[PDB]
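Working notes, beginning with the structure itself.
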Amino acid sequence: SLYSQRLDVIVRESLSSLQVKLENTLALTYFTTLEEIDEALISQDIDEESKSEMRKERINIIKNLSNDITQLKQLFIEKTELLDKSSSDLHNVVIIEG
Amino acid sequence: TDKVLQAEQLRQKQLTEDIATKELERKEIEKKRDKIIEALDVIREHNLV
Amino acid sequence: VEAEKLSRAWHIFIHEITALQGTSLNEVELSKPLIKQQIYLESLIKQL
Amino acid sequence: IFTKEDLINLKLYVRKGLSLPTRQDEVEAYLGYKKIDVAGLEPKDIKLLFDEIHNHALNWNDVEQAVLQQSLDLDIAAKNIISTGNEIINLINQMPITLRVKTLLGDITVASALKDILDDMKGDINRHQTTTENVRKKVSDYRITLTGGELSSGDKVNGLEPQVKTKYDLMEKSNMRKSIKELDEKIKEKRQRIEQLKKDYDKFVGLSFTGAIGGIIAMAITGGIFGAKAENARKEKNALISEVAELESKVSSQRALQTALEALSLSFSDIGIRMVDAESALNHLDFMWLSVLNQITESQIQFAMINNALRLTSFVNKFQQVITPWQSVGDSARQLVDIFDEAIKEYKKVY
Amino acid sequence: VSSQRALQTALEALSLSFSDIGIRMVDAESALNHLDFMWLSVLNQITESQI
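As you go down the protein sequences, you meet chains A, B, C, D and E in turn. Once you know that position 91 of the first sequence is 141 in the authors' numbering, the rest is easy, because the numbers rise by one and skip nothing. Once you know that position 32 of the second sequence is 180 in the authors' numbering, the rest is easy, because the numbers rise by one and skip nothing. Once you know that position 20 of the third sequence is 315 in the authors' numbering, the rest is easy, because the numbers rise by one and skip nothing. Take the fourth sequence: its letters are residues 45 to 153, 169 to 410, numbered as in the authors' numbering. Once you know that position 30 of the fifth sequence is 339 in the authors' numbering, the rest is easy, because the numbers rise by one and skip nothing.
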């Protein structure tokens, strides 16, 4: 019962982090910034100051996207292994026989 | 509400069964007095004369 | 069984992120599993 | 999402909990008795139960007053953040490509002092996080106080609703209406035996008096033995009469006392239904509060990203990271203010 | 032995207690199974190094 209510807390916190990432990864418009840098590279420019820093800010937004993927990986694998800990509390603490 | 439903249905079912049982009991008591009324009638053979 | 249904979908999710790391090639391929998990979660919000 | 009829059921639970006996005589009049002879269902135990639930309502009136306080707090948070954030951080929608190819905005990071105002509002937002987490703590701990588990304060409470459910299971099964049946059967069996003893005793005194009135030694032996035995068996028999009459006065009276317990279990089943209603209420409510704290953290992670290296499209993206969660914050907040407002008229219409 | 009805009942509760103790001994048996297999794996990898 302790690990079950604890697991329900895990479920609610999982939904919380899921709403976090569905508003940050999915809902936020980093994709439009990527399109904006794509348009600015389509815009003709002195590539000394522009295209170098355009590429650096490409690296920055790709870094932000990788941070989003990192949040996905870290928190979801973490809570999934926490679910597995509760599963070994559940599926691997059983009484049947005597 | 459905648990209350079923609990009170079983409750009043037991109540109805018990009421019918008590009715059977009092009918049996009414059967018991037959011996008494017949005994005091067959004793009743003398009156004032 | 319920927890296996749950965490199995997270191994489905780790196989989704196994199919990640498309570095800088295109842009319009991204949020299709994201909206799939979005609508499945919104169903799961209603499944709560 | 969250509804106001949740709060309607909450106020139904408020009126239920404020309608509870607290003192021992109050419970005993509310029980209709003082003695049950049933472990786990003793009048002192039910009084302690009512102390738990009535003080739980005497918690929740104040805690729901704090919910109204944080209702005001989220209202003014919505107003101030929507105003200051949308105004100042939509004034800087202006960035043409001419500056956006050459300026490298992290260099000049007038508006720098205006960004300091935004960082002051950021710290105020962190304070709003603190207050909102405190109130979510209050709500969730109140839920665990109803439902069960470890409090965030660090107390593995059992939750009052399963305790009430357990005592309802007592008043369903350990109420022992079957034992009321079997004890009435005990009454009628003992009563049948002792009324057989009554008829036997009338025949006893008849035959003892015939054995008396015969002769001298007949009087002697029969009035010695059964002259005493008539009085002795009669007094013992009438003591048995009194005992079965007290069992009638106890457990054939606990027929009606059992019926009062059944009505009390009906009332408890009602209270538990409304606790389930409040449980769903706190479910939708606490999930809303979690969503609020979620979007706060969504803002704050990207607020930690803010530095003096805010370049052209880097600051365009950071600008977007700022403005993105607070739209949903304001949406949920205005809907929540509507939930707050529409329940207000419900009291005078109904209560 | 009509007193050993109740004494027999006490023996039955004692056998219940013994059945509980034996269940927890089976639990400790699986515990020592996984445990000693770990210890064997430890000594295994030590010998793997030492050869």
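Where is the CB? At the ideal position from N, CA and C, for every residue including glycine.
Expected contact under 8 angstroms - CB spacing of residue i and residue j to nearest Å
i, j, result
"residue 76(D)", "residue 319(D)", "5 angstroms"
"residue 132(D)", "residue 389(D)", "The pair is not a contact, with the Cβ atoms about 15 angstroms apart (cut-off 8 angstroms)."
"residue 118(A)", "residue 75(A)", "5 angstroms"
"residue 399(D)", "residue 63(D)", "So it is not a contact: roughly 25 angstroms between Cβ atoms."
"residue 270(D)", "residue 285(D)", "7 angstroms"
"residue 72(D)", "residue 87(D)", "6 angstroms"
"residue 350(D)", "residue 121(A)", "Incorrect: roughly 17 angstroms between the Cβ atoms, too far for contact."
"residue 154(D)", "residue 331(D)", "Here chain D is numbered 153 followed immediately by 169, so the structure offers no position for residue 154(D)."
"residue 352(D)", "residue 191(D)", "6 angstroms"
Residue span of the alpha helix (DSSP H) that contains residue i, given as start and end
i, result
"residue 298(C)", "297-313"
"residue 338(D)", "312-363"
"residue 46(D)", "Element bounds for residue 46(D): n/a, residue is neither H nor E."
"residue 373(D)", "371-401"
"residue 104(A)", "100-140"
"residue 98(D)", "87-132"
"residue 283(D)", "275-306"
"residue 153(B)", "150-191"
"residue 70(D)", "68-75"
"residue 248(D)", "236-272"
"residue 69(A)", "52-71"
"residue 222(D)", "219-228"
Closer than 8 angstroms at the beta carbon, the chain D residues around residue i
i, result
"residue 85(A)", "Within 8 angstroms Cβ-Cβ: nothing; residue 85(A) doesn't reach chain D, min ~11 angstroms."
"residue 61(A)", "In chain order: nothing, as chain D lies at least about 11 angstroms away."
"residue 66(A)", "349, 350, 352 and 353"
Interface residues of chain A facing residue i [CB-CB closer than 7 angstroms]
i, result
"residue 325(C)", "81"
"residue 307(C)", "Ordered by position in chain A, no residue passes the 7 angstroms Cβ test against residue 307(C), which lies about 11 angstroms from the chain."
"residue 148(D)", "103"
"residue 384(D)", "73"
Cross-chain neighbours of residue i in chain A, by beta carbon under 8 angstroms
i, result
"residue 332(E)", "145, 147 and 148"
"residue 319(C)", "108 and 112"
"residue 333(C)", "72 and 76"
Short CB-CB distance (under 7 angstroms) between residue i and chain C
i, result
"residue 133(A)", "yes"
"residue 137(A)", "yes"
Min CB distance residue i to chain A below 7 angstroms
i, result
"residue 302(C)", "yes"
"residue 298(C)", "yes"
"residue 328(E)", "yes"
"residue 322(C)", "yes"
"residue 145(D)", "yes"
"residue 211(D)", "no"
"residue 141(D)", "yes"
"residue 379(D)", "yes"
"residue 376(D)", "yes"
"residue 357(D)", "yes"
"residue 208(D)", "yes"
"residue 372(D)", "yes"
Nearest-angstrom Cα separation, counted from residue j out to residue i
i, j, result
"residue 67(A)", "residue 68(D)", "48 angstroms"
"residue 145(D)", "residue 103(A)", "9 angstroms"
"residue 158(D)", "residue 184(B)", "No coordinates exist for residue 158(D); the numbering of chain D passes from 153 to 169 with nothing in between."
"residue 318(C)", "residue 361(D)", "22 angstroms"
"residue 197(D)", "residue 213(D)", "13 angstroms"
"residue 342(C)", "residue 336(C)", "9 angstroms"
"residue 253(D)", "residue 303(D)", "9 angstroms"
"residue 341(D)", "residue 112(D)", "15 angstroms"
"residue 84(A)", "residue 137(A)", "41 angstroms"
"residue 313(D)", "residue 193(D)", "49 angstroms"
"residue 208(D)", "residue 53(A)", "9 angstroms"
"residue 300(D)", "residue 306(D)", "10 angstroms"
"residue 94(D)", "residue 106(D)", "18 angstroms"
"residue 369(D)", "residue 409(D)", "57 angstroms"
Any C-beta of chain D under 7 angstroms from that of residue i
i, result
"residue 152(B)", "yes"
"residue 94(A)", "no"
Test: residue i CB closer than 7 angstroms to a CB of chain B
i, result
"residue 238(D)", "no"
Interface partners of residue i on chain C, CB under 9 angstroms
i, result
"residue 120(A)", "The contacting residues do not exist; residue 120(A) stays about 10 angstroms from chain C at best."
"residue 140(A)", "298"
Residue-chain proximity (residue i, chain H), Cβ-Cβ < 7 angstroms
i, result
"residue 100(A)", "In the structure shown, chain H cannot be found, because the protein chains are A, B, C, D and E."
Where residue i meets chain D, residues with beta-carbon distance less than 7 angstroms
i, result
"residue 124(A)", "Under the 7 angstroms cutoff, chain D gives no residues; its nearest Cβ is about 13 angstroms from residue 124(A)."
Where residue i meets chain B, residues with beta-carbon distance less than 8 angstroms
i, result
"residue 320(D)", "By Cβ distance, chain B contributes nothing, its closest Cβ being about 12 angstroms from residue 320(D), past 8 angstroms."
Check: residue i C-beta below 6 angstroms from any heavy atom of the ligand MN
i, result
"residue 74(D)", "With respect to the ligand MN, the structure shown offers nothing to examine, as it has no ligands at all."
Closer than 7 angstroms at the beta carbon, the chain B residues around residue i
i, result
"residue 256(D)", "Residues of chain B passing the Cβ test: none, with the nearest at roughly 18 angstroms."
"residue 323(D)", "Result: empty, since nearest Cβ-Cβ is about 13 angstroms, beyond 7 angstroms."
Proximal residues of chain B, C-beta to C-beta of residue i below 9 angstroms
i, result
"residue 316(D)", "Near residue 316(D) there are no residues of chain B at all, since even the closest Cβ is about 16 angstroms away, more than 9 angstroms."
Under 9 angstroms by beta carbon: chain A residues contacting residue i
i, result
"residue 94(D)", "In chain order: nothing, as chain A lies at least about 25 angstroms away."
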